[PDB]
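K.L.:
Residues 14 to 22, 25 to 40, 55 to 74, 85 to 126, 134 to 179, 217 to 302, 312 to 337, 341 to 419, 447 to 687, 715 to 742, 754 to 857, 888 to 1145 (PDB author numbering) make up the sequence shown, in order.
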Amino acid sequence: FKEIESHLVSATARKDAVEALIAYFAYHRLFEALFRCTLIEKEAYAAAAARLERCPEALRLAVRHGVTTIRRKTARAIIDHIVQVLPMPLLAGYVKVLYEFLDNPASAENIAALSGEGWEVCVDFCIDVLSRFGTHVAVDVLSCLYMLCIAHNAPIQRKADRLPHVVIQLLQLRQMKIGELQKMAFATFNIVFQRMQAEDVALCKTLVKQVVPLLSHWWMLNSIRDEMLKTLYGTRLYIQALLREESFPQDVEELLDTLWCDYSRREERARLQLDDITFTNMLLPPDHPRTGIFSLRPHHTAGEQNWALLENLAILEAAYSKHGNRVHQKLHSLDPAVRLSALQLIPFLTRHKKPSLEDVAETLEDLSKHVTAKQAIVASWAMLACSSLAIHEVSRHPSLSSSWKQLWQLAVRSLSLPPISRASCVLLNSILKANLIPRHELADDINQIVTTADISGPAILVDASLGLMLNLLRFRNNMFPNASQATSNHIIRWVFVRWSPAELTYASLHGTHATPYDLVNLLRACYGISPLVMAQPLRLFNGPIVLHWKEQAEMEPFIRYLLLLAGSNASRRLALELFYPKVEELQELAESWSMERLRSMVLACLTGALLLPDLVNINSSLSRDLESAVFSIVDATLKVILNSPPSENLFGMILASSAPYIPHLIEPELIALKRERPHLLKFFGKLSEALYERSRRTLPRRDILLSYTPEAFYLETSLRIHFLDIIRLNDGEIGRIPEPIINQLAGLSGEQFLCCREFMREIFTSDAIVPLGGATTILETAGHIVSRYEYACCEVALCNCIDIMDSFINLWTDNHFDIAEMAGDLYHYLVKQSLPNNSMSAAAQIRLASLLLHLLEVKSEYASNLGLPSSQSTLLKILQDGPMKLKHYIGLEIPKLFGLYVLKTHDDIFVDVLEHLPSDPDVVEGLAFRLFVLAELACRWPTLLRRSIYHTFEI
C-alpha cells in the first residue's frame, strides 16, 4: 500500500482508498497513517459524516489481522488516539474497536504490565462513557470495560475509587429488562468485587448493602441466572455480618422471598431431579459439594444451577433465622410447589442450623404425614429429608423415636416400588447407621430381605441399594457367622437377576447410578478377598458456577476474621458360572451393533476386568471361557466408539467412567497393580491404541483453574492411559519415565501444555530416572512458551514453568549440567524481570513464593551464586507488596521459614518479617493482617511467643 497509503496523507482522493481496504477486509505505518487520515476527516465537521462513520470501520478491522501481532509500543498510541479523537460522532464505530481489540485476551494483560499505563486511560475512557450514557454504545463500552476487569493482573485498587460506583449506577435503573447491559455488568461486580473482598472491607460492607435490592428484582435467560449465583457465593459472608447489626434486613426479606417466588413456577422443568445426586461412597476430594448424605453427580455440568440455588438459600436463610422457623411456615404452607421445594431443602438447611427439640419433633411429625404419599418424588424426597435429620446428636431423644420406627417399615414396604425405591434405601441406610434400633430388633427386618430376595427385596439394584444390602450382608454375618456362607448366596443370584445390563428399561433409566465401584465392592466381601484400592481422591471436572467457588473457599477463613464472626470358592464357583449367561446376555449385542444404552455396555466391562482374574481360580473350563469371553464385547464398542460423529461425546463416555480406577502413576503402587489385574490393564492397553484413532483423522479459561475444566480432563486422563498401556506390554520402563511419552509431551500444541499442568506434576514429583533430553526439553519448551507475549502475562503460563522447575529442584541444583544453566537462565526472568514488571498475578506469586520455600529447604544460596539478591529477601519483598490472596498464603507458610534455623537465630529473623509486615495507622485492612501473621508464629513456635504477644499489644 505504498502509494495506496499516499492517498491517506484531499477530499475523495483519500476517501476512495479507505473504501478500498474495506474491499480487502508494521500496522504502525498504516494506523498512524490512518490516524492522521482520521484527523483530516475530523475537520470535515450533515454531508460530512459518511467518512467518519466508516473510517472507524477500518479502525475496527485494520487490527483483526494484527491484533494478534500488535505489540505494546503500538496500542499505547492507539489508546491516546481514541481518547483524544473524542477528547456520537464516531462513537458506535469507535466503541466497537476496543471490543474487537480486547477479545484477544493477551491485550488486557500486557497493557496492565509496566505500571499498567496502557491499562490506565482505557478504563478512564470506558468509565467516562457510562457516565454519559444510543443503547448500542454501552453494550460495547461496558462489554469492554468488563473485558478489562476480567484480567488477573488488573490493578483495580488504584482505580477502584470510582469504578465500583459506575456499574452499580448503570444497574441502578430498573428498566431495559434484560440483556448484556445486565450481563456485561453483573459479570463485573463479581470479578471486580471478588478482588476487593479481602481488602478495603469498608468499601464492600457498604457496597453489598445496596446490591441486595438489585438482587431481589431480576427473577437462554440462565445466562444471567448464573451470575447472580456467582454473586451470592462470593458474598454470602457479608450477608452474615450485616445481619449481625435496619433496612438491610428489610431487603433480605424479599430476596429470600424470591427463592420461593421462583421455585414455584418451575415444578415441572427441572428442580434438582433425584438422578442429579448420587449416594455412593467413593473417596471424593473435599472441594466437592455435598449435603451430609448425598453428593453432586461427578462429571455432570448442566445440573449445577439448582443445587447452587438451593445451597445459597439454606446458607443465606440459616443466617436470617439465627441473627435477624421461617422455613416451616412454608412447610405447612398448603402450596405443593412451595412444599417439595422446602422438602428438598431440608438436608441443606440441616447442615448448619441444627434445630433443637422445638423444631426437630415439629418437623418429623409432618414428614411422616408425607412419607405415606403415593407420588414418586414426595415419597422419595420426604424419605431423604428425614435421613438428613437422622444424623444429629439431638435426635436420639426417644420422645419422637416412634417415627423412626413408624417410617422404618415404610421402606421395608417400599423397596418394591419402581418409581419410589432409591430414596427409600437411604432411610433404612441412615436409620441403621444412625443406630436408633437394637441389633436384634432390626434383624428380622434384615433376616427376611436377605433371605427372601423377592418380597420387599431391593427392587432396583442401585448404588444406594448395593450399599444398603452391604450393611445387612454384614449384619447377617454379624450375629450368625457360622454357616453365613448361605447368606450371600441369596444375594448374588438376586444381584444378577436384578442386574440387567443388557436392557432398555433398567439400563436406560437406572444406568447413570450403579457404579462398578458400589457393585463390585458388594462382592469383594463375600469371599473376603480385597476391596478395591481407591486410595487417591477421584479427579473430576466441574462447571463454572462451582468452579468459581474453588477460588473463594481457599480464603474464607481469613475473610471470616476480617468480619469477627471350599469356604472361599463356594460362591466364586457360583459367581463364575452365573456370570457367564450375563457375559452372553450382553454378548447377544456383540455384533448387533444409541448413546446411553452403550453406557451399560460401557460400564459392564470394569465389572468384569476387576472380577475376571478373581473368577479363574477353578478352571471349570469356564474360567478361561470367561476371560476370553468378556473382551469380545469391548472391542465391538471400540468399533462403535471410534466410528461416530464426535458431537455426541461418546469418546468421553468411556473416559469419565473408566477414570476412577487409574492408580496414582507413582510406580510402587503401579507394580502392585500389574501383579494383580492385567485384565483391567488389558482394557487400558486395548483402549490406548483405540484412543489414538481420533488423533489419526484455544484457552477456555486462563485462571489457575484450567485443571478442572472439561477440557483438561479429556487431556490429562488421555495421557494417564497412554502411559499405563505403554507399561503393561513391557515392564522395561517401570520405575522411571518411559521414552515415548516425554517425546510426546513436546508434541503438544501450547494450550495443550497449559491444560496438562496437573499431569506433568503427577509423575515428576515422584522419584525416577528421566532421560537426558527428557527433563530439559519440556523445561526447554516451558521456556519457549513463557516468553511469547501470549504467555508472558498468563496466570497459567507462569504457574506452569514454576510448576515444572520445583519438580526438578534437584536436577539443576547439583552441578553445571546442560540443564543446570537453563533453570538459572529462566530463574532470572522470574525474580528480576517477571516479578517487578507487574507481569504476575495473585495466583502465580503464590506458585512462585512456594518455590523459594522449597529452595531454602534445599540450597539456601542459589541466588547467592548467580547475581540475584537472596532467596530469603525476595520472598519477603513479595510479601510486602502483593495481592491479599498472596499475603494470606505466606502467613500460612512462613511459620515454616523458622524451621530451617538453629533456635538461637529465630529472634534475628523475626526482625526481617516485622520489617516487612504492613504498618500503616489509618489502614486497618492491612493492620488486621499484621495481627494475623503474629498469631501464626505464636501458635507454631514457642520460642517466638513473647515477641508475638508484645507486638500484638503494641498495635
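Here a beta-carbon is modelled for each residue, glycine too, at the ideal position from N, C-alpha and C.
What are the start and end residues of the alpha helix (DSSP H) that includes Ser509?
P.N.:
Indexing the sequence shown from 1 puts residue 509 at position 387. Run containing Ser509: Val500 to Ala512, per the alpha helix (DSSP H) assignment.
K.L.:
Report the rounded CA-to-CA distance for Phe343 versus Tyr229, giving the unit in angstroms.
P.N.:
For the purposes of this step, residue 343 is taken as the residue at position 248 of the sequence shown. For the purposes of this step, residue 229 is taken as the residue at position 146 of the sequence shown. About 28 Å.
K.L.:
In whole angstroms, give me the CA-to-CA distance for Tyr898 and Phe663.
P.N.:
As a first step, residue 898 must be located in the sequence shown, where it is residue number 708. As a first step, residue 663 must be located in the sequence shown, where it is residue number 541. In a straight line, the C-alpha of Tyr898 is about 5 Å away from that of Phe663.
K.L.:
Measure the C-alpha to C-alpha separation of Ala816 and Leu1025 and round it to an integer number of angstroms.
P.N.:
Translated into positions along the sequence shown, residue 816 becomes position 656. Translated into positions along the sequence shown, residue 1025 becomes position 835. If I take the Cα positions, the gap works out to 39 Å.
K.L.:
Which partner residues does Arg385 have in the DSSP bridge list?
P.N.:
Taking the sequence shown and counting its residues from 1, one reaches residue 385 at position 290. According to DSSP, which records beta bridges pairwise, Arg385 is partnered with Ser390.
K.L.:
Suppose you measure from the CA of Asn551 to the CA of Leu590; what does that come to, to the nearest Å?
P.N.:
By one-based count along the sequence shown, residue 551 stands at place 429. By one-based count along the sequence shown, residue 590 stands at place 468. Approximately 6 Å, taken between the alpha carbons.
K.L.:
Leaving out five residues before and five after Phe843 in sequence, what residues of the same chain have Cβ atoms less than 7 Å from its Cβ?
P.N.:
Taking the first residue of the sequence shown as position 1, residue 843 is located at position 683. Closer than 7 Å at Cβ, skipping near neighbours: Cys765, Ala769 and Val794.
K.L.:
Between which two residues does the alpha helix (DSSP H) containing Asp488 stretch?
P.N.:
On the sequence shown, position 366 is the one that residue 488 refers to. Its alpha helix (DSSP H) spans residues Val482 to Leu489.
K.L.:
Nearest-angstrom Cα distance between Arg892 and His514?
P.N.:
On the sequence shown, residue 892 is found 702 positions in, with the first residue counted as 1. On the sequence shown, residue 514 is found 392 positions in, with the first residue counted as 1. If I take the Cα positions, the gap works out to 42 Å.
K.L.:
Considering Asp915, what are the terminal residues of the alpha helix (DSSP H) in which it resides?
P.N.:
Taking the first residue of the sequence shown as 1, we reach residue 915 at position 725. Counting along the chain, the alpha helix (DSSP H) containing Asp915 begins and ends at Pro900 to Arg918.
K.L.:
With burial defined as no fewer than 16 other Cβ atoms inside 10 Å of the residue's Cβ, what is the status of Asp993: buried or exposed?
P.N.:
For the purposes of this step, residue 993 is taken as the residue at position 803 of the sequence shown. Its Cβ being crowded by 16 or more others within 10 Å, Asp993 is buried.
K.L.:
Taking buried to mean at least 16 other C-beta atoms within 10 Å of its own C-beta, is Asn990 buried or exposed?
P.N.:
If you number the sequence shown from 1, residue 990 lands on position 800. Its Cβ being crowded by 16 or more others within 10 Å, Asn990 is buried.
K.L.:
Excluding five sequence neighbours on each side, which residues of the same chain lie with their C-beta closer than 7 Å to the C-beta of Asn643?
P.N.:
Locating residue 643 in the sequence shown gives position 521, where the first residue counts as 1. Cβ within range, chain order: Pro653 and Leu654.
K.L.:
What's the C-alpha gap between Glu849 and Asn803?
P.N.:
In the sequence shown, the residue the question calls residue 849 occupies position 689. In the sequence shown, the residue the question calls residue 803 occupies position 643. Whole-angstrom Cα-Cα distance: 14 Å.
K.L.:
In three-state terms, what does DSSP make of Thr323?
P.N.:
Taking the first residue of the sequence shown as 1, we reach residue 323 at position 231. DSSP places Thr323 in helix when its eight states are reduced to three.
K.L.:
Based on DSSP bridge pairs, tell me the residues matched to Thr271.
P.N.:
Within the sequence shown, residue 271 is the residue found at index 188, counting from 1. BP columns for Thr271 are empty, so no partner.
K.L.:
So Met377 and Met656 are in contact, right, with Cβ under 8 Å, and what is the actual spacing, rounded?
P.N.:
Here the question's residue 377 lines up with position 282 in the sequence shown. Here the question's residue 656 lines up with position 534 in the sequence shown. Indeed they touch by this definition, with Cβ atoms about 6 Å apart.
K.L.:
Does the contact criterion of 3 or more C-beta pairs under 8 Å hold for the segment 514–534 versus the segment 480–487?
P.N.:
Contact between the segment 514–534 and the segment 480–487 is present, because at least three Cβ pairs lie under 8 Å.
K.L.:
List, from N- to C-terminal side, the alpha helix (DSSP H) runs of 4 residues or more that fit wholly inside the segment 969–1031.
P.N.:
Taking only runs of at least 4 residues, the alpha helix (DSSP H) segments lying wholly in the segment 969–1031 are 985–995 and 1010–1018.
K.L.:
Using alpha carbons as the reference points, say which of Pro469, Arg518, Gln531 and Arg535 lies closest to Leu506.
P.N.:
On the sequence shown, residue 506 is found 384 positions in, with the first residue counted as 1. The shortest Cα separation from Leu506 among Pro469, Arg518, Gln531 and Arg535 belongs to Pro469.
K.L.:
Just to confirm, does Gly162 get its C-beta within under 7 Å of one of the non-hydrogen atoms of the ligand SAM?
P.N.:
Among the components of this structure there are no ligands whatsoever, and the ligand SAM is therefore not found.
K.L.:
Starting from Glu18, trace the alpha helix (DSSP H) in both directions and tell me its first and last residue.
P.N.:
Sequence index remark: in the sequence shown, residue 18 carries index 5 (1-based). From DSSP, the alpha helix (DSSP H) with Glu18 extends over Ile17 to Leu21.
K.L.:
Take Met755 and list the residues in its own chain whose beta-carbon comes closer than 7 Å to its own, dropping the five residues that flank it on each side.
P.N.:
Indexing the sequence shown from 1 puts residue 755 at position 595. These residues qualify, in order along the chain: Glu808 and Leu810.
K.L.:
Am I right that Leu125 and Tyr140 are in contact with their C-beta atoms under 8 Å? What's the rounded C-beta distance?
P.N.:
Stepping through the sequence shown from its first residue, residue 125 is reached at position 86. Stepping through the sequence shown from its first residue, residue 140 is reached at position 94. Confirmed, Cβ separation roughly 7 Å.
K.L.:
Using a Cβ-Cβ cut-off of 8 Å (strictly less than) and excluding sequence neighbours within five positions of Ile173, which residues of its own chain qualify?
P.N.:
Here residue 173 is taken as the residue at index 127 of the sequence shown, counted from 1. Closer than 8 Å at the Cβ level, and outside the excluded window around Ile173, lie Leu228, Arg245, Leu246 and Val249.
K.L.:
Can you tell me whether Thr289 is helix, strand or coil according to DSSP?
P.N.:
Within the sequence shown, the letter at position 206 stands for residue 289. Note: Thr289 maps to helix in three-state DSSP.
K.L.:
Inspect the CB distances between the segment 828–837 and the segment 904–924 and report whether three or more fall short of 8 Å.
P.N.:
Yes: the two stretches touch, three or more of their Cβ pairs being nearer than 8 Å.
K.L.:
Anyone know if the C-beta pair for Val291 and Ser359 falls short of 8 Å?
P.N.:
For the purposes of this step, residue 291 is taken as residue 208 along the sequence shown, with counting starting at 1. For the purposes of this step, residue 359 is taken as residue 264 along the sequence shown, with counting starting at 1. Cβ atoms of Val291 and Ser359: not closer than 8 Å.
K.L.:
Could you check which residue in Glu406, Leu558 and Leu825 has the C-alpha nearest to that of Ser509?
P.N.:
For the purposes of this step, residue 509 is taken as the residue at position 387 of the sequence shown. Comparing Cα positions, the closest option is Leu558.
K.L.:
Per the DSSP calculation, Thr573 is bridged to which residue(s)?
P.N.:
On the sequence shown, position 451 is the one that residue 573 refers to. None; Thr573 has no bridge partner.
K.L.:
Measuring CB to CB, does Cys168 end up less than 8 Å from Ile261?
P.N.:
Here the question's residue 168 lines up with position 122 in the sequence shown. Here the question's residue 261 lines up with position 178 in the sequence shown. Not closer than 8 Å, so no.
K.L.:
Select from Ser517, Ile613 and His635 the residue whose C-alpha is nearest the C-alpha of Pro623.
P.N.:
Taking the first residue of the sequence shown as position 1, residue 623 is located at position 501. For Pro623, the nearest C-alpha among the options comes from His635.
K.L.:
Is there contact between the segment 767–786 and the segment 822–829, where contact requires at least three CB pairs shorter than 8 Å?
P.N.:
The segment 767–786 is not in contact with the segment 822–829.
K.L.:
Please classify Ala1039: is it buried, with 16 or more other beta-carbons within 10 angstroms of its beta-carbon, or exposed?
P.N.:
Counting from 1 along the sequence shown, the entry for residue 1039 is found at position 849. Its Cβ being crowded by 16 or more others within 10 Å, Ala1039 is buried.
K.L.:
When you compare only the Cα positions, how much space is there between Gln942 and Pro1132?
P.N.:
Looking up residue 942 in the sequence shown gives position 752. Looking up residue 1132 in the sequence shown gives position 942. Approximately 47 Å, taken between the alpha carbons.
K.L.:
Expressed to the nearest angstrom, what Euclidean distance is found between the alpha-carbon atoms of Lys1086 and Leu1104?
P.N.:
On the sequence shown, position 896 is the one that residue 1086 refers to. On the sequence shown, position 914 is the one that residue 1104 refers to. Each residue's Cα considered, the two are about 16 Å apart.
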